Amino acid sequence: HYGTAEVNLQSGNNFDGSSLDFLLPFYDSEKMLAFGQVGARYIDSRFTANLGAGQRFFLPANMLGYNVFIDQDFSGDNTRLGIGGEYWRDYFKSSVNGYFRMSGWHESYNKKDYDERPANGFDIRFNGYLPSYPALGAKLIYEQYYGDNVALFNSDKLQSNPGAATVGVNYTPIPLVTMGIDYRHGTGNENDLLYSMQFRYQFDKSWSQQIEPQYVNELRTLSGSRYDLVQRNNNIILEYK
Ligand SMILES: CCCCCC/C=C\CCCCCCCC(=O)OC[C@@H](O)CO
Ligand SMILES: CCCCCC/C=C\CCCCCCCC(=O)OC[C@@H](O)CO
Ligand SMILES: CCCCCC/C=C\CCCCCCCC(=O)OC[C@@H](O)CO
Ligand SMILES: CCCCCC/C=C\CCCCCCCC(=O)OC[C@H](O)CO
């Protein structure tokens, strides 16, 4: 069996919490992978679950992929459609994600005297790894959301059509674990930091393979990276009214 289970722990401000996500192949060939993705998370005092599917198509030197998602913030009863695109290479992953709401305004879960609903937006994600030393990765994100009063950073400081850029580094001593730090900056001079740790289990790998720095290189190759989780924000950014 092939696929991935990933636990994520993150802190350090507004989106503190944890999550579990699975990538489950249902068709698997050298040239094309079709997969379901499913998971849930408790982050920023909300319980959210996510369900998706996509295809990945491979050439020896690159990969094209698309995916579709439904995101359900159960705490606040907010629903959203997600679409994604992927272009991956050795030591390089690029992704673009659209975020489209499916649920209307209604009494807000966390903010008194407000209504809330998902804010539409997109983001572009880059992840790159040093080929000579692939345990070192960096992380570029640009994200943009729309609405008169959106909470991209927190709900106590609402913002008009906020955008933000994130730079982060991360370290993967053995395939099983990644640690990193993300700095983000936007709109109103808003800043933050996210410290996070991922535990990665690979269904196709023996145990010893997953605790040996030898194999980090290969997780970061294109054929390495075939069962990695889709790269998106699985948290629904909300807007208020
Ligand atoms: C290139 C070097 C990379 C630098 C890495 C920096 C080193 C370590 C970062 C690890 C951060 C761990 C975060 C803890 C998880 C957490 O607290 O969340 C759980 C949640 O329930 C609490 O809210
Ligand atoms: C849950 C989100 C909403 C669901 C919407 C689903 C939308 C898109 C998912 C992608 C569907 C991929 C289809 C698989 C094609 C395939 O395997 O062919 C096998 C064949 O080649 C064997 O010879
Ligand atoms: C197989 C290759 C993958 C290519 C397929 C494409 C995959 C994903 C594309 C999704 C990107 C959507 C970005 C649009 C977001 C947007 O404009 O926000 C609405 C704004 O107007 C509000 O006013
Ligand atoms: C939008 C609605 C969200 C849909 C509900 C989300 C609920 C729970 C998330 C975890 C689910 C567990 C999935 C099963 C894990 C699994 O099958 O992987 C085993 C693997 O076979 C071991 O090899």
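Order of appearance sets the numbers: ligands from 1, and atoms from 1 within every ligand. When a residue number appears, it is its place in the shown sequence, counting from 1.
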Engineer: What I want to check is whether the side chains of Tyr240 and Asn110 have a donor and an acceptor closer together than 3.5 Å.
Structural biologist: yes
Engineer: Taking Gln144 as the fixed residue, which of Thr187, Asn161, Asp123 is the one that meets the side-chain contact (heavy atoms from CB on, under 4.5 Å) rule?
Structural biologist: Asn161
Engineer: Do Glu116 and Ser108 get their side chains close enough for a donor-acceptor pair, meaning under 3.5 Å?
Structural biologist: yes
Engineer: Starting from atom 10 (C) of ligand 4, locate the nearest protein heavy atom and write down its residue, its atom name and how far away it is, to 0.1 Å.
Structural biologist: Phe22 CE1, 4.4 Å
Engineer: Could you list the atoms of ligand 3 found under 4.0 angstrom from a heavy atom of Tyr146?
Structural biologist: 18 (O), 20 (C), 22 (C)
Engineer: How about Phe47 and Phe74: are their ring centres within less than 6.0 Å of each other?
Structural biologist: yes
Engineer: Quick check on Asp71 - does any of its heavy atoms sit under 4.0 Å from an atom of ligand 4?
Structural biologist: no
Engineer: Does a side chain donor of either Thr79 or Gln72 reach within less than 3.5 Å of an acceptor in the other side chain?
Structural biologist: yes
Engineer: Go through the structure and list residues passing side chain to side chain donor-acceptor pair (under 3.5 Å) with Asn149, not counting sequence neighbours.
Structural biologist: none
Engineer: Any protein N/O atoms within less than 3.5 Å of an N/O atom in ligand 1? List the atom names and distances, or say none.
Structural biologist:
from     : atom 1 : to    : atom 2 : distance (Å)
ligand 1 : 18 (O) : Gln10 : N      : 3.1
ligand 1 : 18 (O) : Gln10 : O      : 3.0
ligand 1 : 23 (O) : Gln10 : O      : 3.4

Engineer: Using a distance threshold of 4.0 Å (strictly less than), state whether atom 8 (C) of ligand 4 has a protein heavy-atom neighbour.
Structural biologist: no
Engineer: Please list the nearest protein heavy atom to atom 20 (C) of ligand 4 with its residue and the distance rounded to 0.1 Å.
Structural biologist: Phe203 CZ, 3.9 Å
Engineer: Testing the 3.5 Å rule here: is there a donor-acceptor pair between the side chains of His106 and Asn78?
Structural biologist: yes
Engineer: For ligand 3, which atoms, with element, lie under 4.0 Å from some heavy atom of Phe122?
Structural biologist: 13 (C), 15 (C)
Engineer: Within 45° of the ring axis of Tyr129 and under 6.0 Å from its six-membered ring centre, is that where the NZ or CZ of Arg220 lies?
Structural biologist: yes
Engineer: Could you go through the side-chain hydrogen bond (donor to acceptor under 3.5 Å, both in side chains) check for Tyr87 and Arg89 one step at a time?
Structural biologist: CA-CA 7 Å; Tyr87 174 71; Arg89 303 174 63 79; 3.3 Å; yes
Engineer: Nearest to atom 5 (C) of ligand 4, what protein heavy atom do you find, and at what distance?
Structural biologist: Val38 CG2, 4.4 Å
Engineer: Tell me: protein heavy atom nearest atom 3 (C) of ligand 4, and distance?
Structural biologist: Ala49 CB, 3.6 Å
Engineer: Of the side chain and backbone of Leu24, name the one, both, or neither that has a heavy atom under 4.0 Å from an atom of ligand 4.
Structural biologist: side chain
Engineer: Run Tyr201 and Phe203 through ring-ring contact (aromatic ring centres under 6.0 Å, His included) and show every step you take.
Structural biologist: CA-CA 6 Å; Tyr201 180 60; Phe203 302 148; 5.6 Å; yes
